[PDB]
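**Q** Sharing the initial chains of the complex here, in place:
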Amino acid sequence: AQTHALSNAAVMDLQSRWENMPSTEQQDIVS
Amino acid sequence: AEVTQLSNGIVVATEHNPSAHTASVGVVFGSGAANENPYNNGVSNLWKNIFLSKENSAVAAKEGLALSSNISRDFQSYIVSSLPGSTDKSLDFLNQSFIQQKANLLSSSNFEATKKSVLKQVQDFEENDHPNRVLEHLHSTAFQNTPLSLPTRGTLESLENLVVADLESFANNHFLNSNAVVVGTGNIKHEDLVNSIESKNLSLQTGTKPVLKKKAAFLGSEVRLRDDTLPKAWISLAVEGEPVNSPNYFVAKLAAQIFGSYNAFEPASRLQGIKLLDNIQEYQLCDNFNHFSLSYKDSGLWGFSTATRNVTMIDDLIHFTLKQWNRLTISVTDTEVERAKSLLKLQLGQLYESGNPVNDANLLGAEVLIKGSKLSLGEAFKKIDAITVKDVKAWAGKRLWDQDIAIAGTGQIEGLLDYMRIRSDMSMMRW
């Protein structure tokens, strides 16, 4: 629904370590 | 009085027991602290708290039913107790206010009040409790860089950095139907067996749980928080236990129950016991024991927790406990094993058959998710008498002998020698 200010632990986890994220919410966050 | 399980979309289990008359129905989600990343820790805590406050206020005011919860590593045991003749209402409320809809629940005001309450609660837990703190630290130090070390409560930095979107995202990535069940421990028979599967009474978010990239590991470490302000001391050894669903669960449980608990300020505990308790009691060395062998679906922990009072005499307590563990893996009297078998039998009987339906419901949910089928205690008793000295010798020759340990305590630990005076003396050079 066009979320604004997507500022959760998800983005910090993204910048820190992307490869270790379990290849499943990657599509959700890029979407 | 026999547990029944099936598989129709959502697993439904039932442990009928017309002994008690407090019917309980709820859910046992197969995810929790282990199924979530370090950066967003207390999401499960926040879920549990928003539920336990506002839904409690709703249910008691409307009807008569008191709702509880529990999170240990990978459960959200949202058990909703009720009367024996009031299970349909409980199920209807659970499916109308937990799975959906979440709009009337996650108002910004209620969420924020619960957020500040959770912050206060975790803060005073950090400032007051101690054995639980060292246990959580032991988990956090045994499983570094692994989705099992993060605690079941969370860190203030991780607590503060989440408002709505993270909560809803975790809800939609873990409140599915594939790994969620229904538990009806109490005195219901088959109404729950048919009413869970109805025209619409079903959890939303069809799909599967996102599989974790890495499961679990182990490595020796220390996390001590030396502060002389606190009066007493606190330590907690640990050796990697045996995971659930393995032919080593009960033998490890017995190997833990041999040494047993101990409370130095009780007239009915000092007199009884085995070698270490006597050799401690001659002087004053320790004040509490807790031999615990906790197990999880990824890996288990065999631990040894104390909270002493003497400060100069930590080394001797550790040395004696280690020599006793070596004695366990080198030679055990038959009477010791028989006594352990009897004690563990009665302990299991008390734990699994306590009158409170909530405990039985939570344990049934844990087993049905992990084992895939409930293990009635009859088979446990049948297979527990077969445990013999040779088996325990063999098991301890693997889990205990020269295996890396992890300890973590807060208080006046300073007297404790760092690593090679508590590790390289598990064999005493004469086996």
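**A** On my side now, so go ahead. Residues are numbered from 1 along each chain as shown, chains lettered A, B, ... in the order given.
**Q** what about residue B:415, distance to chain A?
**A** From residue B:415 over to chain A the distance is 38 Å, taken as CB to the nearest CB, to the nearest Å. C-beta here means a position set from N, CA and C on the backbone, and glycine is covered the same way.
**Q** Count the residues that sit near that residue.
**A** Burial measure for residue B:415: 15 neighbouring residues, criterion other CB atoms under 10 Å in any protein chain shown.
**Q** Run a quick check on it versus residue B:317, I expect a contact.
**A** No. Assessed by CB atoms under 8 Å, residue B:415 is found out of contact with residue B:317, at 10.2 Å.
**Q** interface residues of chain A facing chain B?
**A** A:3, A:6, A:8-10, A:12-13, A:16, A:20-25, A:28 (CB under 8 Å from any CB of the partner chain).
**Q** what's the farthest-apart pair in those residues?
**A** Distance extremes for those: the farthest pair is A:3 and A:20 at 23.8 Å, using CB to CB.
**Q** Residue B:389 contacts residue B:330, correct?
**A** No. Under the criterion of CB under 8 Å, residue B:389 is not in contact with residue B:330, lying 11.5 Å apart.
**Q** Tell me who's in contact with residue B:393.
**A** With contact set as CB atoms under 8 Å, 6 or more residues apart in numbering or on different chains, residue B:393 has these partners: B:329, B:332.
**Q** mind adding chain C? sequence follows:
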Amino acid sequence: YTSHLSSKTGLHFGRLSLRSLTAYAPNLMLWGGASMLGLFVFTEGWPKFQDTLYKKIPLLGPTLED
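**A** Following on from the chains above, chain C is added here:
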């Protein structure tokens, strides 16, 4: 067990029991074995002990000739 459990007391000279000695018997036996092994290791210059050691191990220790 209704009611008497018919307990029996094992032999013991205070602390050591028959169970412990039965458990430790092979241990002490080959500890003595290892002790004598190290004893053979330590002694090498005795002409008597060297003479005894020469014959028993002839495919590894034929070292006497000048």
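**Q** if I look at residue B:13, how far off is residue B:351?
**A** 18 Å (CB to CB, to the nearest Å).
**Q** out of those two, which sits in the more crowded spot?
**A** It is residue B:13, of residue B:13 and residue B:351, that has more neighbours when counted by other CB under 10 Å, with 24 against 12.
**Q** Tell me the secondary structure at the more buried one.
**A** Under DSSP: H, G, I helix; E, B strand; the rest coil, residue B:13 falls in the strand class.
**Q** can stretch B:209-220 be found next to chain A?
**A** Yes. Remark: stretch B:209-220 sits within contact range of chain A at B:210, B:211, B:212, B:213, B:214, by CB under 8 Å from any CB.
**Q** Give me the buried stretch members for stretch B:337-344, please.
**A** Residues of stretch B:337-344 classed as buried: B:337, B:340, B:341, B:344 (neighbour count, 16 or more other CB atoms under 10 Å in any protein chain shown).
**Q** CA-only coordinates of it in CSV, if you can.
**A** This file holds the C-alpha atoms of stretch B:337-344, laid out as CSV (Å, rounded to 0.1, in the frame of the first residue of the first chain):
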residue,chain,number,x,y,z
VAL,B,337,21.4,-45.2,38.3
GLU,B,338,18.4,-46.9,39.9
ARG,B,339,17.7,-43.9,42.1
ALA,B,340,18.1,-41.6,39.1
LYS,B,341,15.6,-43.7,37.2
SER,B,342,13.0,-43.5,40.0
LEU,B,343,13.5,-39.8,40.5
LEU,B,344,13.3,-38.9,36.9
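**Q** while you're at it, add chain D from this line:
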Amino acid sequence: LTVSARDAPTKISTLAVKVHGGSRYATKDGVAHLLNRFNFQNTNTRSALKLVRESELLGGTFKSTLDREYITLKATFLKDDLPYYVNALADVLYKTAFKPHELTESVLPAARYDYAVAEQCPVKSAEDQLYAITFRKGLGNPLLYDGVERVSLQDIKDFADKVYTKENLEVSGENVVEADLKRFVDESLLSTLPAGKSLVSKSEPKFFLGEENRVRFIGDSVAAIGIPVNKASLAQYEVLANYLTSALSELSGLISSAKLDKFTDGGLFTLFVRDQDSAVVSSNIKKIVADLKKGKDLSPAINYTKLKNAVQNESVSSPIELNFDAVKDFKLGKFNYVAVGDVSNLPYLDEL
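**A** Let me put chain D in with the others:
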């Protein structure tokens, strides 16, 4: 000596003997607790542990709790180990030894430890003060030996012979077949204890209301309140206690406890307020008492109270079946007060 039991398919069981004595019936104040801590050790027939460690070796454990009027002794065992436990329990309930030189080292340090860890928390102190100031030297007494009087072994033995007797006794165990116990007490020493007299009370204990006390404890402040309740109207206070302690009403995030201790023919409605500071407590208790005195409708909590009461029961000796239907309203009348911790800020009774 009437006994009762219930059959259970589960294969773990426990037997309890419920001596109808305790703090209330103690002639000297600090004897009930010391006796109870003196109970399971050193029978004349068999040694203190040389023939009681075999209980753990045989698959069962011993426990001897305490209450306001119950010297309860419990033992949890497997199904096939019953007669030995009945015989051992009857032997301990045989005023056997009470050896003199096994008190200055056995139980007194345990009593001191128990008192020290039970007096740090101001909740317990508030309970004790409230009971003493409401009941005088009747039902109320110090639940714990604090050493204020020297109590002699002669007095302990006198109390034991006063309470431990066949007529004033009761035995109940769960997951045990009825016939086994009904014919096993008689095949044991429990048939030989002298028949004393039932120490029960015919009428309600005398209560005192209005008075208040204070102390100067060093720690968190607590402001207990108490009510006297009689058996004729005891449902209302239970339903109100659960109404308060729950999350149903707004007075939930500040109260600490609102339990209702139950006696034979009465009890004390208690409640608590506690905080780290010494200023929030005053305002909190002021608004609580003002709103309670205002008078709140109480019916829409009956189902919750019934559920909590039913789930609370775990013992075979079920309490009287309370009638939770004649509850319509409530309006506070006269009460009591105890203040612990700091006093300079806590409100007096006049302006409450």
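**Q** and the buried residues of stretch B:337-344, now that chain D is part of it?
**A** Judged by neighbour count using 16+ other CB under 10 Å, the buried positions of stretch B:337-344 are B:337, B:339, B:340, B:341, B:342, B:343, B:344.
**Q** Could you list which of these also contact chain D?
**A** The residues of the buried residues of stretch B:337-344 that also fall near chain D, by CB under 8 Å from any CB, are B:339, B:342, B:343.
**Q** Next, the contact list for the first one, please.
**A** Right, the one you point to is residue B:339. Under the criterion of CB under 8 Å, 6+ apart, the contact list for residue B:339 reads D:56, D:57.
**Q** which element is it on?
**A** Remark: residue B:339 resides in helix B:334-352, with elements defined by DSSP states H and E.
**Q** helix or strand right after that helix?
**A** Reading on from helix B:334-352 to the C-terminus, the next helix or strand found by DSSP H and E is helix B:357-370.
**Q** So which elements touch that next one?
**A** With contacts taken as 3 or more CB pairs under 8 Å, 6 or more residues apart in numbering or on different chains; DSSP states H and E, helix B:357-370 sits against strand B:11-14, strand B:24-29, strand B:180-183, helix B:334-352.
**Q** Reformat the ones you listed as a markdown table; add distance to residue B:280.
**A** Conversion of these to a markdown table gives the following (distance: least, CB to CB, whole Å):
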| stretch | distance to residue B:280 |
| --- | --- |
| strand B:11-14 | 44 |
| strand B:24-29 | 40 |
| strand B:180-183 | 42 |
| helix B:334-352 | 17 |
